Amino acid sequence: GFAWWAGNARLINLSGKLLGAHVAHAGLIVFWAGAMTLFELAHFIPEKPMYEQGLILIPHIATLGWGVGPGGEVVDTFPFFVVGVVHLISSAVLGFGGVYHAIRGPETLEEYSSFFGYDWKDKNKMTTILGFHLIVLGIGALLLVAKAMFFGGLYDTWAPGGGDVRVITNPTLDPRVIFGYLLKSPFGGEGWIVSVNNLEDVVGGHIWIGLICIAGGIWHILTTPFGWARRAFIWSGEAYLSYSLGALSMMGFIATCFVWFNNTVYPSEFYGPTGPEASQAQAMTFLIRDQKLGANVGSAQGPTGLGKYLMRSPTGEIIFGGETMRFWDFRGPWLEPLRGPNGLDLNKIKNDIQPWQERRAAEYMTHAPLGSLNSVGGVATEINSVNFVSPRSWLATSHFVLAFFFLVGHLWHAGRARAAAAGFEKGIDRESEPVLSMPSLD
Amino acid sequence: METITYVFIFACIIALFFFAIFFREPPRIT
Amino acid sequence: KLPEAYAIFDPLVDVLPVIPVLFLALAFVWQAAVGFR
Amino acid sequence: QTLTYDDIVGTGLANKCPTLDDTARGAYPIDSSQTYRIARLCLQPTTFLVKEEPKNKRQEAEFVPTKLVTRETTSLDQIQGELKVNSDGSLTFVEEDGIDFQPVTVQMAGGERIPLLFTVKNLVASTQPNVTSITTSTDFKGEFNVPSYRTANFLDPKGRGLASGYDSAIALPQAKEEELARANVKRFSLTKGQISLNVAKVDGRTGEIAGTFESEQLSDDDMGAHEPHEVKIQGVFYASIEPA
Amino acid sequence: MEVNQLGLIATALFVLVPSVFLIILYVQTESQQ
Amino acid sequence: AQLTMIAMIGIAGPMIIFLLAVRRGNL
Amino acid sequence: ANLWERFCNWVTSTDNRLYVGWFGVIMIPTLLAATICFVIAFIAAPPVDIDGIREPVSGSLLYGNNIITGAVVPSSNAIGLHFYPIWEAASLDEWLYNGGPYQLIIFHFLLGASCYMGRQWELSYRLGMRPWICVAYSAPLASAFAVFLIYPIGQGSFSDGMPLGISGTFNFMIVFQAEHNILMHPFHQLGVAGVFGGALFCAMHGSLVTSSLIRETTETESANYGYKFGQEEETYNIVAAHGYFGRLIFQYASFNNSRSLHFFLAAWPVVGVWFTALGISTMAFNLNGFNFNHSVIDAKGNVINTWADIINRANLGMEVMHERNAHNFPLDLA
Amino acid sequence: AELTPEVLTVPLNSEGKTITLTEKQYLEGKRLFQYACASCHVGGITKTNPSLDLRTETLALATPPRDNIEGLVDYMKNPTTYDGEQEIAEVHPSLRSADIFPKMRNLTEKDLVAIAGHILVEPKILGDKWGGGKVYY
Amino acid sequence: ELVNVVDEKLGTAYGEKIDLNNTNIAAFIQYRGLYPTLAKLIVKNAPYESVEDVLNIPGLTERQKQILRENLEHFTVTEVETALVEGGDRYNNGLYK
Ligand SMILES: CCCCCCCCCCCCCCCCCC(=O)OC[C@H](CO[C@@H]1O[C@H](CO[C@H]2O[C@H](CO)[C@H](O)[C@H](O)[C@H]2O)[C@H](O)[C@H](O)[C@H]1O)OC(=O)CCCCCCCCCCCCCCCCC
Ligand code: CLA
Ligand code: CLA
Ligand code: CLA
Ligand code: CLA
Ligand code: HEC
Ligand SMILES: CC1=C(/C=C/C(C)=C/C=C/C(C)=C/C=C/C=C(C)/C=C/C=C(C)/C=C/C2=C(C)CCCC2(C)C)C(C)(C)CCC1
Ligand SMILES: CC1=C(/C=C/C(C)=C/C=C/C(C)=C/C=C/C=C(C)/C=C/C=C(C)/C=C/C2=C(C)CCCC2(C)C)C(C)(C)CCC1
Ligand SMILES: CC1=C(/C=C/C(C)=C/C=C/C(C)=C/C=C/C=C(C)/C=C/C=C(C)/C=C/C2=C(C)CCCC2(C)C)C(C)(C)CCC1
Ligand code: OEX
Ligand SMILES: [Cl-]
Ligand SMILES: [Cl-]
C-alpha cells in the first residue's frame with residue numbers, strides 16, 4: 001500500500017525483483033568507477049601534481065603502487081586505463097543481470113529455489129547470507145595483502161629518498177599493535193585508527209581483518225542467533241537496512257577524518273597536503289626564509305612573548321609557533337628529519353634543512369586545502385586566478401554529507417521498523433489509544 | 001550589584017520552571 | 001590523456017561519468033509515463 | 001642508549017633537562033691554551049616565587065609560592081655560547097644563541113596571575129678566579145637581559161600598541177586623555193636579572209655538568225601599564241662542554 | 001564596574017510592577033471558584 | 001561536439017519508454 | 001518481582017511525570033554535569049587563554065561581564081584537539097586558565113542532547129506513536145554538533161569552536177564570514193530559506209487556523225475556551241481556510257489535506273536546517289562560499305567591482321583584525 | 001578603455017628597444033602565468049616571500065634588471081637572488097630545474113616571452129593592485 | 001615623560017633613510033644590489049657609530065665595498081631603539097603585504 005514516492009518499498013517481499021534492484025545498482029557503482037577513471041585519465045596531465053587536477057580515483061590506484069615510481073612521479077598511465085576499462089566493461093554484466101532479474105526473472109525466488117530464496121524473518125537463512133558476504137569481504141581484505149606482499153607492493157610516502165613503491169615483507173602481526181590502534185583515544189595526538197602511519201601496520205591489520213571476517217562468516221553460516229540476540233533485535237528487512245545505514249554512517253564519518261588527517265594511506269604527493277601539514281609548512285617556510293637572512297629563530301621572541309618561530313607544546317616538545325601551535329601532532333616525511341627526542345632540533349634546523357624540504361614546504365603552503373565552491377584556491381578573501389580545491393576537501397565534505405544523511409536514514413528506518421514490528425506505524429487505533437488507558441500524570 | 005541582579009533573575013526563571021512543570025494546571029479530557 | 005588508439009573517444013569519455021545521473025531522471029520519465037502509480 | 005621522539009612525545013619529558021648520574025663527582029680540567037664552548041645549556045625551573053607587597057615600609061615583604069598555570073612549557077634549552085678563560089683564571093660564559101626565553105604565568109593566592117618572561121638572554125656568567133678545573137663546588141654568577149614580555153607589535157584589547165595600534169582610547173572620544181596616558185602610551189622595558197649556577201655533578205670523561213640555579217628578575221609590566229613584581233626562580237641545569 | 005546606578009531600580013521595577021499585576025489577577029481568579 | 005554523444009545517450013532512455021508505451025508493454 | 005526487572009520497569013515506566021528511559025539514564029547525568037559546570041563557570045570562572053597566546057579573555061560575570069558579553073570561553077589553542085579533562089591538569093587553577101570547563105560542558109552536552117533525541121524515539125515507542133519527531137530534532141542537534149565539534153575538528157582546535165555566550169556567538173559568526181564567506185555559500189542560503197520560510201509558514205498556519213475557528217464563545221470570553229482538551233471534533237473549518245487561501249493565491253496553491261499540510265510544515269525548516277548544519281560542517285573542511293572576487297573586468301582588464309567585491313572589502317576588515325596578536329605568518333590557513 | 005598596442009608595448013631589453021605584444025600573446029601569457037606561477041605569485045605578490053613582488057619598479061631594481069623581456073626570460077631559465085649573487089634554481093621554478101619543477105618541462109621559448117610580457121603589461125592595466133596585495137583587492 | 005619611542009623615532013633620520021642600527025631588513029630592497037646578501041651582513045654587524053663604519057665589515061669584496069659607497073647617502077645611523085631591534089624584529093617585523 002505504498003505511494004509512488006515510496007515505490008521501492010513495494011519490493012520488500014519480492015526477493016527476485018529486489019535482487020535485480022541490488023545487482024543493477026551495483027552495476028551503477030562499477031560503471032561510475034570505470035567511467036570516472038577514464039574521464040580522469042583523459043584529462044590527466046603528467047607534469048602537474050594530481051591534486052591540481054581534480055583527481056580522486058587515480059590517487060587511489062597510484063596508492064596501490066600502479067603507475068608511479070619514486071617521489072610519486074607518474075611513470076606509466078596504462079594501469080589506470082586498465083582499471084577503468086575493466087570496471088566499465090564489468091558494469092554491463094551487472095546491468096544485464098540486474099535488469100533481467102528486475103523485469104523478466106522470477107518475481108519471487110522462494111519458489112524457483114530454496115537456496116536463493118529467503119524470508120526476512122528466517123534468522124538462520126539471514127545469518128547464512130551474512131556469513132557468505134563476510135567471507136567475500138575477508139577475501140577482499142586479503143587481496144590488499146596479496147598486492148602489498150606478492151604483487152608489487154604499495155606506494156610508501158615514508159620510503160627513504162622521497163617516497164616509492166615498496167614490497168611489504170614483514171607486516172605487523174602483533175595484536176598489541178594492531179588492536180592497540182582500536183583502543184587509542186580519538187582526540188589530538190592519538191587519533192584512534194586514523195593515526196596509522198606505516199604500511200606494515202596497514203597490511204597486518206588487513207591480515208587480521210581478513211581472518212576475522214572469514215572466521216565470522218564460517219561462524220554465521222554454522223550458527224543461529226542465541227536467545228539474548230533474538231530478544232534484542234527487530235527481525236525484518238527494514239530493520240536490517242536500518243542496521244546497515246547506521247554502520248555506513250559510522251564508516252563515512254571515519255573516512256572523512258581519514259582523508260583529512262592521514263597522509264600515509266592518502267599520500268600528500270597525490271592528495272595534496274593536509275590542513276595541518278600546510279599550516280606547518282607555512283611556519284617552516286618563513287623559518288627558512290628568515291634564517292637565511294640571519295634571524296636566530298630559536299631566540300626570536302614574538303609579539304605575545306611566545307617564540308615567533310618555535311615554542312613548546314603543553315608537554316614541552318619544541319614545535320612551530322604562531323597559530324599552527326594547534327597542529328604540532330602533525331607528522332610528515334618532509335619534516336621528521338628535523339625532529340629530535342625533544343621535538344624540533346635547533347641544530348638540525350640551523351644546519352641540515354635541504355632544498356627538497358624547502359621546496360616541499362613552499363609547495364604545501366601554497367596548496368593548503370582551502371578554496372571556494374567555484375574552485376578559487378586560497379582563503380575566502382583571495383582574488384580569482386588559481387583554480388584549485390584540494391582533493392582532501394572534496395573527499396571530506398562529500399563523505400561528511402553522505403554520512404550525515406545515512407544517520408538520518410538509520411533513524412528513519414530504525415524507528416519505522418520498530419513501529420511496524422509492533423503494529424502502529426500507520427497511526428493510533430482510535431478505539432485502542434494507549435494513552436487513553438493510562439492514568440493521568442497529574 | 002549588577003552580578004547579584006543577573007543571577008537573581010536567572011534563579012527566578014529556574015524556580016518558575018519548577019512550578020510550571022510540577023504545579024501546572026492539569027490537562028483534563030472532554 | 002587516453003592511449004592514442006582510443007583518442008577517437010575523448011568526447012564520449014567526457015560524457016560517460018554523468019550517465020548514472022540519467023538513470024535517476026529516467027525513473028521519473030517512466031513514472032510520468034504510467035501516471036505516478 | 002637514549003630515547004626517540006615517539007618514546008618522549010606527550011610524557012612531559014621533553015620539558016626536562018638531562019640529568020647526570022649521582023656517581024658523577026669528577027672534575028673537568030681547563031687549559032687556558034684551549035678554547036671551549038657550552039654546546040648545550042639546559043635550565044629547568046621547578047619553583048617560581050613572587051615577592052608580596054606589605055602596605056607599609058617597615059616590615060618588608062616575603063617571597064611567596066605560586067602555582068604554574070601554563071604547563072610544561074617552561075625550560076630553556078639548546079643554549080650555546082663561548083666559555084672563555086680570563087687573565088685571572090676565572091671562566092666566563094657568554095650566551096650566544098638558543099631557546100633562551102619562555103613566557104610563564106604563575107598564580108598567587110587570591111587568584112592574581114603573574115606573567116613573566118623567564119629568560120637568560122645575553123647571559124654573561126663568570127666563576128671565581130683560578131678555576132683550572134670545573135668541580136662540584138664551582139659556582140657561576142652572572143647577569144642577563146629581560147626584555148618586555150610583549151614585543152612592540154602587541155595590541156591591547158582596545159587596539160592600542162607601541163609599533164602598531166591606536167594612540168588613544170577611541171571608545172571615549174571626548175574623555176580627558178591625561179588620566180588615560182599610562183594605558184594609552186605603551187613602553188618597552190628592558191631590565192636586568194641575576195643568576196647563580198651551582199655545579200653539583202661533573203662527568204669528567206664527557207664534559208657534562210649539572211646542578212642547581214637560582215635566578216632573580218622582574219615580571220611583566222604590561223608595556224608600562226602597571227608596576228612589575230619581583231620573581232625568584234629555582235631549578236636545575238645541565239650543560240655540555242666542548243673544546244672549540 | 002562603573003554601571004548606571006539607576007539600572008538597579010529600573011530593573012527592579014521592570015520586574016516587580018508587571019509581575020505583581022499578573023499575580024493580582026491570578027489570585028482573584030482562583031478565589032472566584 | 002561532446003553535445004552530439006550526450007544527445008544520442010540522453011535520448012536512449014526516453015526512447016525505451018516510448019517504444020514500450022506504444023507497443024503497450026509491461027511498464 | 002526480581003530487582004533488575006523492577007528497575008527496568010521503573011526506567012521505562014510511562015507513568016513517571018518525566019519519562020526516564022534507557023536514553024535518559026545517560027542523558028540525565030551528562031546534562032546535569034554540563035548544566036552545573038556551565039552555570040558556575042558563567043558566574044565565576046576566571047579569564048581563559050582562548051587563543052593560546054597568554055592573552056586571557058574574561059568571560060564570567062564576576063570578572064566584569066554582563067549577560068550579553070559573558071561567555072564560557074573555548075579551550076586554549078595550545079591544546080588544539082587534545083582531550084583536556086580535569087585529571088590531566090596539574091591543578092584546577094591550570095585547568096581554568098586553559099579553558100577546561102568548555103570541554104567538559106560541550107562533551108557532556110553533546111552526549112546528553114544525543115540521548116535527548118533517542119529519548120524522543122523511545123517514548124514514542126512506549127506510547128504507540130509514530131517515531132519520527134526525533135528526526136525533526138536531528139536538525140538542531142546536527143547544528144550544535146557542527147559548531148561545537150565538527151568545525152573544531154576540521155580547523156584543528158576547540159579554540160575555534162563556538163563560545164558559550166551571546167557576544168561570543170557573534171564573534172564566531174563574524175570570523176566565520178571572513179574565513180569562509182558563509183553568506184555566499186548555498187547551504188547557508190538554504191538555511192535562511194528554511195528559517196525565514198519556517199517563520200512564514202508558522203505565521204501562515206497559525207493565522208489560517210485562527211481565521212477559521214468555529215464560533216463557540218461570546219465576545220466577553222477568550223475564543224480559546226471554545227476548544228476542550230481531547231474533544232473529538234476539529235475546532236476550525238479547514239474548508240473555509242482553504243476557500244480563503246486558495247482565493248488569496250489560486251486554488252491549487254492551497255492545501256486541503258491536513259496531513260500533507262502538516263508534513264510540509266515539518267519538512268521545510270528541518271530540511272533547510274539540515275543544509276545549514278551541513279554548510280558549517282563542510283566549511284569545517286574549507287570548502288567555502290562562492291568567490292566572485294574580481295570576476296568582472298573590462299575590455300582593457302580593469303576590475304569592475306560588483307557587490308561581491310564590496311562583501312570582500314568587509315571580509316578583509318574582519319580578517320585582518322581578528323585575533324590580532326595570534327598570527328606571525330601571512331596566511332591564516334586555519 | 002581597451003587593450004591597445006600602446007599598453008601592449010613593453011621593454012625588450014635594458015637598451016630601450018621595445019616590443020609590441022599581440023592580444024593573443026598577452027592572453028597566452030596570462031593563461032601560462034596562471035598555470036605555472038600564480039600559486040605563488042597571484043596578483044603580482046610572492047606568497048612565500050612577500051618582501052619581493054612583481055611590480056615593475058621592484059624588477060627594475062633587481063640585479064640583472066628584470067623589468068624587460070630579456071631579463072625576465074633569463075630569470076625563468078636561471079633565477080638569481082635579487083642582488084644577482086646566488087643562483088636559486090633549486091628552490092625556484094626555472095628551465096634549469098624543470099626536473100624538480102615539472103610544470104616547466106613543456107614551456108617553449110615563445111611561452112616564456114608571453115609570460116614575461118604578461119608580467120610587464122599587467123601593472124599598466126591594474127596599477128597599484130598589481131603587487132600591492134589585499135589592501136587593493 | 002610618557003612618549004611613544006617609535007613615533008619619536010619617525011622624527012629622526014630614521015623616518016627619512018635606512019637606519020643601519022634599527023630599520024628592518026626589507027627596506028634594503030629599495031636600492032639596487034643590497035638585498036639579500038649585503039643587507040644580511042649589515043644587520044648582523046650592527047650597531048654602527050657612523051654610516052662610514054659599514055665599509056669596515058670584514059669580508060667585503062671590492063664589488064660589495066663599491067655598492068655600499070654608491071648607497072651611503074641613503075643610509076643614516078641613530079641610537080639603537082630596543083623596541084625596534086628586540087624580538088628579531090629587524091629580520092621579520094610582522095609586516096608582509
Ligand atoms: C535536579 C535533579 C535532581 C537532583 C540532582 C542532585 C544535584 C546535586 C548538585 C551538586 C552540586 C555540585 C557543585 C559542584 C562544585 C564543584 C566544586 C569543586 O570543584 O570543588 C572541589 C574542590 C575545589 O578545589 C580547589 O579549587 C581551587 C580553584 O580555584 C579557583 O577558584 C577560586 C574561587 O573559589 C579562585 O577564583 C581561584 O583564584 C581560582 O583559581 C584551587 O585550585 C584549590 O587548589 C582546589 O583545592 O576540591 C578540593 O580542593 C577538595 C580536595 C583537595 C585536597 C587536595 C588533595 C587532592 C585530593 C584529591 C581529591 C579527590 C577528589 C575526589 C572527587 C570526588 C568526586 C565524587
Ligand atoms: C537505482 C535505482 C533504482 C532501481 C535499481 C529500481 C528498481 C526497481 N524499481 Mg524503483 N524507483 C527508483 C529507483 C530505482 N528503482 C526511484 C528513483 C523511484 C522514484 C520515481 C522509484 C519508484 C518506483 C516505483 C513507483 C516502483 C518501482 C519498482 C521497481 C522494480 C520494478 C520496476 C519495473 O518493472 O519497471 C518497468 C519499467 C520498464 C519496463 C521501463 C524500462 C526500465 C529499464 C530497466 C531501463 C533500463 C535501461 C538500461 C539502459 C538498460 C541496459 C541494458 C543492458 C545492461 C543490456 C525494480 C526492481 C516497482 C516495483 O516495486 O514493482 C513492484 C514500482 O512499482 N520503483
Ligand atoms: C549476487 C548476485 C546474483 C545472485 C544472488 C543471482 C541469483 C540467481 N540468478 Mg542471477 N545473475 C547475476 C547475479 C546474481 N544472480 C548477474 C551478475 C547476471 C548477469 C551475468 C545474472 C544473470 C542470470 C541469468 C541469465 C539467470 C540468472 C538466474 C539466477 C538464479 C540461479 C543461478 C544459478 O543456478 O547459477 C548457479 C551457479 C553458477 C552458474 C556458477 C556461476 C559462478 C560465478 C559466475 C562466479 C563468480 C563471479 C565473480 C564474483 C566475479 C569476479 C570479478 C571479475 C569482474 C574480475 C538465482 C536466483 C537464472 C534464473 O533466475 O532463472 C529463472 C537465470 O536464468 N541470473
Ligand atoms: C557485518 C558484520 C557482522 C554483523 C552484522 C554481525 C551480526 C551478528 N553477530 Mg557476528 N561476527 C562477525 C561479524 C558480524 N556479525 C565477525 C567477523 C565475527 C567474528 C569475530 C562475529 C562473531 C560473532 C559471535 C561470536 C557472535 C555474533 C553474534 C551476532 C549477532 C548479535 C550481534 C550483536 O548483538 O552485536 C551487538 C554488539 C554487542 C552487544 C557488543 C558490543 C561490543 C563492541 C566491541 C563494543 C564497542 C562499541 C564502540 C562504541 C565502537 C568502537 C569499537 C571499539 C572496539 C574500538 C548478529 C546476528 C552473536 C550470535 O547470536 O551468534 C550466533 C554471537 O554470539 N557474531
Ligand atoms: C542503502 C540506502 C537506502 C535504501 C536501500 C533505502 C530504501 C528505502 N527507503 Mg530510505 N533513506 C535513506 C537510505 C536508504 N533508503 C537515507 C540515507 C535517508 C535519509 C535521507 C532515507 C530516508 C527515507 C524516507 C524519508 C523514506 C524512505 C523510504 C524508503 C523506501 C522507499 C524509497 C523510495 O521509493 O524512494 C524513491 C525515490 C525518490 C522519491 C527519489 C528521491 C530523490 C532524492 C531525495 C533527491 C536526490 C538528488 C541528489 C541529492 C542529487 C541532486 C543534485 C542536483 C541535480 C541538484 C525504501 C525501503 C520511505 C519509507 O519509509 O518506506 C518504507 C520514506 O518515506 N527513506
Ligand atoms: C613558489 C613555489 C613560486 C612559484 C611557483 C614561482 N615563484 Fe617566482 N618567486 C618565488 C620566490 C620565493 C621568489 C623570491 C626569490 C628570492 O629569494 O629572491 C620569487 C621571485 C620571483 C621573481 C623576481 C621578483 C623580483 O625580483 O622582484 C620573478 C620575476 C619570479 N619569481 C617569477 C616567477 C615566474 C615567471 C613564475 C612562473 C614560471 C614563478 N615565479 C613561479 C616563488 C615562486
Ligand atoms: C531496473 C530499473 C531501473 C534501473 C536500471 C539500472 C540501474 C540499469 C543499469 C544498467 C547498467 C549498469 C548498464 C551498463 C552498461 C554498460 C555498457 C553497455 C558498457 C559498454 C562499454 C563499452 C562499449 C566500452 C567501450 C570502450 C572501451 C572498451 C575502451 C575504452 C573506450 C570505450 C569507453 C569506448 C530504473 C531506475 C531506470 C527504472 C526502473 C527499473
Ligand atoms: C584494517 C586495519 C587495521 C585494523 C583494524 C581492525 C582490527 C578493526 C576492528 C574493528 C572492530 C572490532 C570493530 C568493532 C565494532 C563494534 C561495534 C561497531 C558495535 C556496535 C554495537 C552496537 C551497535 C550495539 C547496539 C545495541 C546495544 C548497545 C544494546 C542492545 C541493542 C543493540 C544490539 C542495538 C589497523 C587499524 C590496525 C590498521 C589499518 C588497517
Ligand atoms: C543514579 C541514577 C540516576 C540518577 C542520576 C543522577 C541524578 C546523577 C546526577 C549527576 C550530577 C548531579 C552531576 C554533577 C556533575 C557536576 C559537575 C561535574 C560539575 C563540575 C564543576 C566544575 C568542575 C566547576 C569548577 C569551577 C569553575 C568552573 C569556576 C569557578 C571555580 C570552580 C572550581 C568551582 C538515573 C535517574 C539517571 C537513573 C539511573 C540511576
Ligand atoms: O583562532 Mn580562532 O580563528 Ca580559524 O583562522 Mn586562524 O584560527 Mn584563529 O585565525 Mn582565523
Ligand atoms: Cl577575534
Ligand atoms: Cl601564524
Side-chain angles (χ1 to χ4, degrees), chain A residues 285 289 292-293 358-359 361-363 365-367, chain B residues 18, chain D residues 67 69 107-113, chain G residues 7 10-11 16 18 20-22 24-46 60 62-63 72 86-87 89 91-97 100-102 104-105 108, chain H residues 29 32-41 44-67 71-73 75-76 79-84 86 88 91-95 101 103-104 107 111-112 115-116 118-119 131, chain I residues 29 35-36:
Chain A
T285 290
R289 183 198 78 159
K292 272 174 178 170
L293 291 175
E358 185 168 346
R359 289 192 304 266
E363 174 69 4
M365 174 192 158
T366 59
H367 294 80
Chain B
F18 180 75
Chain D
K67 306 162 86 146
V69 302
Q107 188 170 300
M108 294 186 76
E112 189 174 357
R113 271 92 179 256
Chain G
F7 178 70
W10 174 85
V11 168
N16 284 329
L18 300 169
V20 180
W22 300 116
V25 172
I26 306 301
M27 182 188 79
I28 287 168
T30 56
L31 291 185
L32 285 168
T35 295
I36 290 155
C37 186
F38 175 76
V39 164
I40 292 168
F42 197 89
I43 297 174
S60 71
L62 291 171
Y63 285 78
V72 180
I86 299 185
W87 50 85
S91 69
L92 272 173
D93 312 80
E94 170 201 308
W95 189 71
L96 295 173
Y97 181 90
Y102 184 80
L104 188 149
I105 299 160
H108 282 88
Chain H
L32 288 155
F33 180 86
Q34 285 181 24
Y35 163 77
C37 319
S39 72
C40 295
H41 287 295
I45 63 159
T46 306
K47 290 189 153 172
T48 51
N49 191 338
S51 305
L52 287 171
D53 56 42
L54 303 182
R55 286 178 151 159
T56 297
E57 328 83 62
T58 313
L59 296 173
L61 295 164
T63 293
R66 309 290 186 174
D67 66 327
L72 285 172
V73 169
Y75 191 91
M76 283 183 265
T80 62
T81 50
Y82 191 72
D83 57 7
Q86 141 171 224
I88 63 179
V91 299
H92 192 286
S94 70
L95 294 188
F101 297 98
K103 293 205 272 196
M104 305 304 276
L107 290 183
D111 300 330
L112 300 197
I115 290 165
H118 179 63
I119 295 188
Chain I
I29 290 167
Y35 182 97

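So you know, we letter chains A, B, ... as the sequences are listed, proteins then strands, and number each from 1. Computation of the quantities below employed the complete heavy-atom set of this structure, encompassing side-chain atoms and omitting hydrogens, waters and symmetry-equivalent molecules. Both counts, for ligands and for their atoms, begin at 1 and track the order of listing.
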Interfacing atoms of ligand 9 (cut-off 4.0 Å, heavy-atom, G:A33): 15 (C), 16 (C)

Heavy-atom nearest option to atom 10 (C) of ligand 6, drawn from H:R55, H:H92, H:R66: H:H92

D:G111 neighbourhood, listing ligand 1 atoms whose heavy-atom distance to it stays under 4.0 Å: 38 (O)

Residue, atom name and distance, where the atom is the protein heavy atom closest to atom 34 (C) of ligand 9: G:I40 CG2, 4.0 Å

Distance flag for atom 34 (O) of ligand 1, protein heavy atom under 4.0 Å: no

Protein heavy atom under 4.0 Å of atom 15 (C) of ligand 9: yes

Side chain, backbone, both or neither: the part of H:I88 lying under 4.0 Å from ligand 6 by heavy atom: side chain

Contact partition for H:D53 relative to ligand 6, non-hydrogen atoms under 4.0 Å: backbone

Subset of ligand 1 atoms that lie under 4.0 Å from at least one heavy atom of G:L96: 30 (C)

Proximity flag A:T366 to ligand 6, non-hydrogen atoms under 4.0 Å: no

Option set H:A36, A:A362, H:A38, H:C40, criterion heavy-atom distance to atom 1 (C) of ligand 6, minimum: H:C40

Structural part of H:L72 in contact with ligand 6, heavy atom criterion under 4.0 angstrom: side chain

Heavy-atom proximity to atom 5 (C) of ligand 1, best of G:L32, G:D93, G:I28: G:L32

Atom 23 (C) of ligand 9: nearest protein contact (heavy atom, Å): G:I86 CD1, 3.8 Å

Closest protein heavy atom to atom 33 (C) of ligand 9, given as residue, atom name and distance to 0.1 Å: G:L92 CD1, 4.2 Å

Residue and atom name of the nearest protein heavy atom (relative to atom 37 (C) of ligand 1), distance in Å to one decimal: D:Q107 NE2, 4.1 Å

Heavy-atom donor-acceptor pair, G:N16 side chain to G:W10 backbone, under 3.5 Å: yes

Any donor-acceptor N/O pair, A:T366 side chain to H:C40 backbone, under 3.5 Å: no

Closest approach of any protein heavy atom to atom 25 (C) of ligand 9, naming residue and atom: G:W95 CZ3, 4.5 Å

From G:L62, G:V39, G:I40 - option closest to atom 14 (C) of ligand 1 by heavy atom: G:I40

For atom 40 (C) of ligand 9, closest protein heavy-atom neighbour: G:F7 CZ, 4.7 Å

Gap between atom CG of H:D111 and atom OH of H:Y35 - 0.5 Å precision: 9.5 Å

G:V20 touching ligand 9 at heavy-atom level, < 4.0 angstrom: no

Protein contact of atom 5 (C) of ligand 9 - nearest heavy atom, named by residue and atom, plus distance: G:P29 CG, 4.0 Å

Nearest protein heavy atom with distance in Å, relative to atom 22 (C) of ligand 9: G:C37 SG, 4.1 Å

Flag: protein heavy atom within less than 4.0 Å of atom 41 (C) of ligand 1: yes

Within-4.5 Å side-chain heavy-atom neighbours: G:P46 and D:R113: yes

Atom 3 (C) of ligand 9 within contact range, any protein heavy atom under 4.0 Å: no

Polar atom proximity, H:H41 to ligand 6 (N or O, under 3.5 Å): yes

Shortest protein contact, atom 31 (C) of ligand 9 (heavy atom only): G:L96 CD1, 4.4 Å

Between OG1 on residue H:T58 and CZ on residue H:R66, distance to nearest 0.5 Å: 14.0 Å

For atom 9 (C) of ligand 1, the option (of G:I36, G:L92, G:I86) bearing the nearest heavy atom: G:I36

Pairwise distance CE(H:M104) to NE2(H:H92) - rounded to 0.5 angstrom: 8.0 Å

D:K67 neighbourhood, listing ligand 1 atoms whose heavy-atom distance to it stays under 4.0 Å: 42 (O), 44 (O)

Contact atoms of ligand 6, heavy-atom distance to H:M76 under 4.0 Å: 35 (C)

Protein heavy atom under 4.0 Å of atom 47 (O) of ligand 1: no

Nearest-0.5 Å distance, CG of residue H:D53 to CD1 of residue H:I45: 9.0 Å

CA sep, side-chain torsions, deciding dist, call: H:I119, H:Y75, side chain to side chain contact (heavy atoms under 4.5 Å, CB included): CA-CA 12 Å; H:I119 295 188; H:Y75 191 91; over 6 Å; no

Ligand 6 versus H:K47: contacting region, heavy-atom distance under 4.0 Å: neither

Short side-chain to backbone donor-acceptor contact, A:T285 and H:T48, under 3.5 Å: no

Residue selection (non-hydrogen contact nearest atom 36 (O) of ligand 1) among G:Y97, G:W87, G:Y63, G:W95: G:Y63

Proximal atoms of ligand 6 relative to H:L52 (non-hydrogen, under 4.0 Å): 14 (C), 16 (C), 18 (O)

